[PDB]
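Everything below concerns the one structure shown next.
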Amino acid sequence: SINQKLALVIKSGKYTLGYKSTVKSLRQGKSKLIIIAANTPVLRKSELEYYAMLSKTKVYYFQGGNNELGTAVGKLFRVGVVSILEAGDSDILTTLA
Amino acid sequence: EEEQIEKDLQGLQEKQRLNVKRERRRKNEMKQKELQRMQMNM
Amino acid sequence: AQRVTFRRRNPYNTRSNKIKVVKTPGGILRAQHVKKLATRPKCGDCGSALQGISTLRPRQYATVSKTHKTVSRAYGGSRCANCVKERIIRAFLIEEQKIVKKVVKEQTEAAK
Amino acid sequence: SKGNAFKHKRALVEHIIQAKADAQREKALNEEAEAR
Amino acid sequence: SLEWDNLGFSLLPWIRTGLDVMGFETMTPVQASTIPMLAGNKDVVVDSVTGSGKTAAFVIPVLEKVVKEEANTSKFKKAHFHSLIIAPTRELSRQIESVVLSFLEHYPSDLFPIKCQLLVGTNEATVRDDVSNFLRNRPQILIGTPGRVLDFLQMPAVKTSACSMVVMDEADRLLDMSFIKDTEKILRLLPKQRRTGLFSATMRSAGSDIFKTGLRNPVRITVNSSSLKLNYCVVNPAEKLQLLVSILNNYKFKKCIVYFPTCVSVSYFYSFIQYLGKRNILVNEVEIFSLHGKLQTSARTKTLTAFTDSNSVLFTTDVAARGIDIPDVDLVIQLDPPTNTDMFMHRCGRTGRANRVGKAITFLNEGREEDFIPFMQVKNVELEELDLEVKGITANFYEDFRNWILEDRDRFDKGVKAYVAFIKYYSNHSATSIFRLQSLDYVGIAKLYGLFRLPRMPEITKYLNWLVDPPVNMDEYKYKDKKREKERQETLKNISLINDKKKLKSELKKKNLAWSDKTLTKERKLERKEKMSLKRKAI
Ligand SMILES: [Zn+2]
């Protein structure tokens, strides 16, 4: 699954939840992968896509809303986009996911 | 003299039992409430 | 405990004529008609009150300087800051998408 | 207090201090009960 | 296997060299089961017995993580740190820092250095000196007590954003009710995404409070193995100090640690025992020291290093009970059982290293002594009763204490203050049934401290004066100190004025109480009716 890898990343790796943190990490070049929820607004989604193209950061389109993505991460609040600074113990980066 | 010790031990134990029960009740209620709230946005 | 009444032709409790009671320097209570309150200018995109613009009656804007009814930013005095930011971002992204689509069309028509 | 658990100032203060006492006591309450 | 070579992640060559020079001949089970995981994206919760390699067990992964995350490089920023280490007492943190320095001794040159800084409350260095040398020296390891590290982190010159490793030693004590207020703030300042290591010999007691630290991917670790003797004596309180003497000059030991409830008690009884030794009451090659936690830091360090360095007795509070290890300690005496029983195992735990022949003794008040032993038994602790004769007391000991108190009024003040402090300390006691204020031998305890009058307390008035039958007036009692003698005489000459000030304060408090006018009205009615009945019944 993809939820197990995300949960392992949150448990052991390094991550940023939210649009502002994701954009800041994209600017700083510390992002390895950005997971985008399907519920995010179109303008912010396009801005994130352009920033990822500029920073050459891999993009994964999550199959669910921001609340499903928040539950997958392990937080009881909605998250619209996640950025993976360090995979840590998990292998989400290796499997092209 | 010892009646006060017996009374306060019994009272604190009953309070602890009621606290455990009410925490279990509220935990179930809020978990159901947050699940329903999270699912209502779609 | 003195009673006062309208000072103009209209005898009805209409929105146009509203009365306040004031004590004049003669020691007596007298009525005074109050004008309609001014409404803050609103943004043309979201309808929120514009920041940094004085609130006046429609004809009172003709007598004040331009700094009291504008903002130094583009669209200042017509649209708020967030709406202008969205407009800039949207325009740039639309232009980029047009460029990408044109390149894609050039490539897909280059096969033949 | 929003649920009308306290009826005036003294009740709230007494509840706070009693909560402090109980939060001091609960950890040893179980072993004391087992001892008797 | 317990071999350094066959560990999972192939420890760094200089860490291995430091280990080999230090030795240990192998790696302990704690270091075998904690180092692979604390450096492997897992938070750690470790319970282990005292002196089982725990300090190195959380120091080696710290250095491994520091090297791994490129903390020892020019890329590392200024005013930033990598790892934090917290301990409940200053001596424990200084000892941890000494261990880290010993490990870093063999750190190779020709590379960006790795340094540590100790942040403890001291009278030799303000927090601004700490900030200045933190900026100048740029360390990657911080070690300290919660108060000074909280003050240090609150300074705007220090940035905590690059921290990636937090270690709490004696984590059950740092999550205690008293320390939780400071540690909550300390963890609030630091980033949440980090690796946490909690280490404590009684980590099970802090049951659900470990998640207050913010563990992410945790693994609890429990390590288990007659090393030492646990005794107790049930005697009248007024004899307790005498019994202490009868142990000091008769038992066989190299180091004896005597625990006292309060700091003022430590100083007061230290002075009185020194006075007894002046008169040659106890004749032995014993050097007696006092060490409580309210001293200046330099004095505490000097006293501890003098005691650690020939037969020595230490009068210490619970500061020295936990963590610190003084070798060659033979005897441990707990003049009173501790306020919390969890620390009891620590107080008598200073001995028994490598199954050494060491004895622990405790004293009981004869009233509710039937409850302490079964309480420890339920907690899997067996206390074998010891019978000790009260040698050298026929009639004079309390008389000697009393006539020594009469020499200086400062001695009287210290004694009464210590007695009242002990009464307050007994008031804050867990296991209320075992330690009852009502059943407390107030007269016995007062006789123990040499006092000749019960201080005005609610406890004394309710649950129970002149111990010396011919009373002594305070007017002829001389303070013996020139500066304060004139102040006392001035206050004596102003007795009526201060009394009237307090009288006016009392009247104003009367008028400011709840519905005071109504209370005066009710008193008027009651007084009139009662004084009418006082004659109408007689007539
Ligand atoms: Zn707008």
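Quick note on naming: the chains in the structure tokens go A, B, ... in the order shown, residues restart at 1 in each chain, and ligands are numbered from 1 in order of appearance.
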
- Check which residues fall inside 8 Å of ligand 1 when counting only C-alpha atoms and all ligand atoms, and print them as a list in words. residues 43, 44, 45, 46, 47, 48, 50, 79, 80, 81, 82, 83 and 84 of chain C

- Item | Filtered DSSP result for chain A, state strand (DSSP E), as a ChimeraX atom specification | /A:14-17,33-36,58-61,81-86

- Message: I need the residues in segment 139-209 of chain E that are alpha helix (DSSP H) according to DSSP; give them as an NGL selection string.
- Response: :E and (146-154 or 171-174 or 180-189)

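Residues in contact with segment 48-62 of chain A at 7 Å, where only C-alpha atoms are counted and same-chain residues fewer than 5 positions away are skipped, are listed as residues 26, 29, 31, 32, 33, 34, 35, 36, 37, 38 and 97 of chain A.
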
- Message: What are the residues of chain B lining chain D at 8 Å or less? Count only C-alpha atoms, and put the answer as a VMD selection string.
- Response: chain B and resid 9 12 to 13

- Message: So that I can see what lies close to residue 5 of chain B, please list as a VMD selection string the residues with an atom at most 10 Å from it, counting only C-alpha atoms and leaving out residues fewer than 3 positions away in the same chain.
- Response: (chain B and resid 1 to 2 8 to 11) or (chain E and resid 432 to 433 436)

Closest atom pairs, residues of chain C within 9 Å of chain A, only C-alpha atoms, as JSON lines:
```
{"residue": "C:86", "atom": "CA", "partner": "A:43", "partner_atom": "CA", "distance": 8.5}
{"residue": "C:89", "atom": "CA", "partner": "A:47", "partner_atom": "CA", "distance": 8.1}
{"residue": "C:90", "atom": "CA", "partner": "A:43", "partner_atom": "CA", "distance": 7.1}
{"residue": "C:93", "atom": "CA", "partner": "A:46", "partner_atom": "CA", "distance": 7.5}
```

- Task: Can you check which residues of chain E have any atom within 10 Å of chain A? Use only C-alpha atoms and format it as JSON, numbers by chain.
- Result: {"E": [40, 41, 42, 43, 193, 194, 195, 215, 216, 217, 218]}

- Task: Write down, as a list in words, each residue of chain E that has any atom within 12 Å of an atom of chain B, counting only C-alpha atoms.
- Result: residues 431, 432, 433, 434, 435, 436, 437, 438, 439 and 463 of chain E

For those residues, write C-alpha atoms to a file as an mmCIF file, in the first residue's frame.
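New file out-v5.cif:
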```
data_model
loop_
_atom_site.group_PDB
_atom_site.id
_atom_site.type_symbol
_atom_site.label_atom_id
_atom_site.label_comp_id
_atom_site.auth_asym_id
_atom_site.auth_seq_id
_atom_site.Cartn_x
_atom_site.Cartn_y
_atom_site.Cartn_z
ATOM 1 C CA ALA E 431 0.755 6.929 51.135
ATOM 2 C CA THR E 432 -1.294 8.992 53.560
ATOM 3 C CA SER E 433 -2.506 5.961 55.523
ATOM 4 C CA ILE E 434 1.054 4.858 56.320
ATOM 5 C CA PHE E 435 2.329 8.315 57.330
ATOM 6 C CA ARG E 436 -0.368 9.994 59.425
ATOM 7 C CA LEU E 437 -0.065 13.505 60.820
ATOM 8 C CA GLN E 438 -2.347 12.633 63.748
ATOM 9 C CA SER E 439 -0.288 9.607 64.796
ATOM 10 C CA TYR E 463 -3.520 16.989 66.976
#
```

- For residue 54 of chain C, list every protein, DNA or RNA residue within 9 Å, evaluated using only C-alpha atoms, and leave out those in the same chain fewer than 3 positions away; present the list as a PyMOL selection string. chain C and resi 40-41+51+61+68-69

Could the residues in this selection be written to a file with N, CA and C atoms, as a PDB file, in the first residue's frame?
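To be explicit, this is the file written out as again.pdb:
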```pdb
ATOM      1  N   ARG C  40     -18.373  52.230   3.466  1.00  0.00           N
ATOM      2  CA  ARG C  40     -17.000  51.980   3.057  1.00  0.00           C
ATOM      3  C   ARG C  40     -16.960  51.423   1.637  1.00  0.00           C
ATOM      4  N   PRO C  41     -16.012  51.864   0.813  1.00  0.00           N
ATOM      5  CA  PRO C  41     -15.840  51.248  -0.508  1.00  0.00           C
ATOM      6  C   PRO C  41     -15.497  49.772  -0.381  1.00  0.00           C
ATOM      7  N   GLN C  51      -9.191  48.635   2.355  1.00  0.00           N
ATOM      8  CA  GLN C  51      -8.360  49.126   3.440  1.00  0.00           C
ATOM      9  C   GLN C  51      -7.576  50.343   2.967  1.00  0.00           C
ATOM     10  N   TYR C  61     -16.247  62.703  -2.161  1.00  0.00           N
ATOM     11  CA  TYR C  61     -14.989  62.239  -2.729  1.00  0.00           C
ATOM     12  C   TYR C  61     -14.421  63.229  -3.734  1.00  0.00           C
ATOM     13  N   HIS C  68      -6.150  59.987  -0.345  1.00  0.00           N
ATOM     14  CA  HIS C  68      -7.169  59.602   0.618  1.00  0.00           C
ATOM     15  C   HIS C  68      -8.192  58.640   0.041  1.00  0.00           C
ATOM     16  N   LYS C  69      -8.104  58.330  -1.250  1.00  0.00           N
ATOM     17  CA  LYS C  69      -9.060  57.422  -1.864  1.00  0.00           C
ATOM     18  C   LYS C  69      -8.397  56.419  -2.799  1.00  0.00           C
TER      19      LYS C  69
END
```

Which residues of chain E come within 10 Å of chain D, and what is each one's closest atom pair and distance in Å (one decimal), counting only C-alpha atoms, sorted by chain and residue number, as a Markdown table?
```
| residue | atom | partner | partner_atom | distance |
| --- | --- | --- | --- | --- |
| E:177 | CA | D:24 | CA | 8.1 |
| E:205 | CA | D:27 | CA | 9.1 |
| E:206 | CA | D:27 | CA | 9.9 |
| E:340 | CA | D:28 | CA | 9.1 |
| E:341 | CA | D:28 | CA | 9.2 |
| E:371 | CA | D:35 | CA | 7.7 |
| E:372 | CA | D:35 | CA | 9.3 |
| E:373 | CA | D:35 | CA | 10.0 |
| E:374 | CA | D:35 | CA | 6.8 |
| E:375 | CA | D:35 | CA | 5.9 |
| E:376 | CA | D:35 | CA | 9.4 |
| E:377 | CA | D:35 | CA | 9.3 |
| E:378 | CA | D:35 | CA | 7.3 |
| E:379 | CA | D:31 | CA | 8.5 |
| E:428 | CA | D:24 | CA | 9.4 |
| E:429 | CA | D:25 | CA | 9.3 |
| E:430 | CA | D:28 | CA | 6.3 |
| E:431 | CA | D:28 | CA | 5.7 |
| E:432 | CA | D:32 | CA | 8.1 |
| E:433 | CA | D:32 | CA | 7.1 |
| E:434 | CA | D:32 | CA | 8.0 |
```

Those selected residues, please, written with N, CA, C and O atoms and delivered as a compact mmCIF listing (two decimals), in the first residue's frame.
```
# COMPACT_ATOMS: atom_id res chain seq x y z
N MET E 177 5.68 15.46 38.76
CA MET E 177 4.74 16.58 38.81
C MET E 177 5.48 17.91 38.94
O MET E 177 5.04 18.93 38.39
N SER E 205 7.43 3.40 36.41
CA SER E 205 6.56 4.21 37.25
C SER E 205 5.93 5.36 36.48
O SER E 205 4.73 5.63 36.62
N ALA E 206 6.72 6.05 35.65
CA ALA E 206 6.18 7.08 34.76
C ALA E 206 5.47 6.36 33.62
O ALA E 206 5.98 6.25 32.50
N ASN E 340 8.50 10.24 48.79
CA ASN E 340 7.94 9.29 47.84
C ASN E 340 8.75 8.01 47.89
O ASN E 340 9.97 8.03 48.04
N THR E 341 8.05 6.87 47.80
CA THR E 341 8.70 5.58 47.95
C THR E 341 9.52 5.19 46.72
O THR E 341 10.45 4.39 46.85
N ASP E 371 2.95 -0.47 58.69
CA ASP E 371 2.45 -0.29 57.33
C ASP E 371 3.55 -0.10 56.30
O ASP E 371 3.31 -0.35 55.12
N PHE E 372 4.74 0.34 56.71
CA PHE E 372 5.78 0.62 55.73
C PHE E 372 6.39 -0.67 55.18
O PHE E 372 6.68 -0.76 53.98
N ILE E 373 6.61 -1.66 56.03
CA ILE E 373 7.24 -2.91 55.60
C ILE E 373 6.35 -3.67 54.61
O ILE E 373 6.84 -4.08 53.55
N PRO E 374 5.06 -3.90 54.90
CA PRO E 374 4.22 -4.57 53.89
C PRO E 374 4.08 -3.76 52.62
O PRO E 374 3.93 -4.34 51.53
N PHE E 375 4.10 -2.43 52.72
CA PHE E 375 4.03 -1.59 51.53
C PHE E 375 5.21 -1.85 50.61
O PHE E 375 5.05 -1.98 49.39
N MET E 376 6.42 -1.94 51.18
CA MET E 376 7.58 -2.30 50.38
C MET E 376 7.50 -3.74 49.90
O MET E 376 7.97 -4.05 48.80
N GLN E 377 6.91 -4.63 50.70
CA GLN E 377 6.81 -6.03 50.29
C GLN E 377 5.94 -6.19 49.06
O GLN E 377 6.26 -6.97 48.16
N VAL E 378 4.81 -5.47 49.01
CA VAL E 378 3.95 -5.52 47.84
C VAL E 378 4.71 -5.05 46.60
O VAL E 378 4.54 -5.59 45.50
N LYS E 379 5.58 -4.06 46.77
CA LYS E 379 6.46 -3.59 45.72
C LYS E 379 7.71 -4.45 45.58
O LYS E 379 8.71 -3.97 45.03
N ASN E 428 3.47 16.87 53.23
CA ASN E 428 3.48 16.45 51.83
C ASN E 428 4.09 15.06 51.73
O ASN E 428 5.24 14.87 51.34
N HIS E 429 3.28 14.06 52.09
CA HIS E 429 3.70 12.67 52.06
C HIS E 429 2.69 11.85 51.28
O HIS E 429 1.49 11.94 51.54
N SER E 430 3.18 11.07 50.33
CA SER E 430 2.34 10.07 49.67
C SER E 430 2.14 8.88 50.61
O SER E 430 2.83 8.74 51.63
N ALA E 431 1.19 8.02 50.26
CA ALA E 431 0.75 6.93 51.14
C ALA E 431 0.29 7.49 52.49
O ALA E 431 0.90 7.27 53.53
N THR E 432 -0.81 8.24 52.41
CA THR E 432 -1.29 8.99 53.56
C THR E 432 -1.62 8.07 54.73
O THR E 432 -1.38 8.43 55.89
N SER E 433 -2.16 6.88 54.45
CA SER E 433 -2.51 5.96 55.52
C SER E 433 -1.27 5.54 56.32
O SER E 433 -1.33 5.42 57.55
N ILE E 434 -0.15 5.31 55.64
CA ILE E 434 1.05 4.86 56.32
C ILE E 434 1.64 5.97 57.18
O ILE E 434 2.02 5.75 58.34
```

- Note on the structure: atom CA of residue 292 of chain E to atom CA of residue 263 of chain E measures 5.5 Å
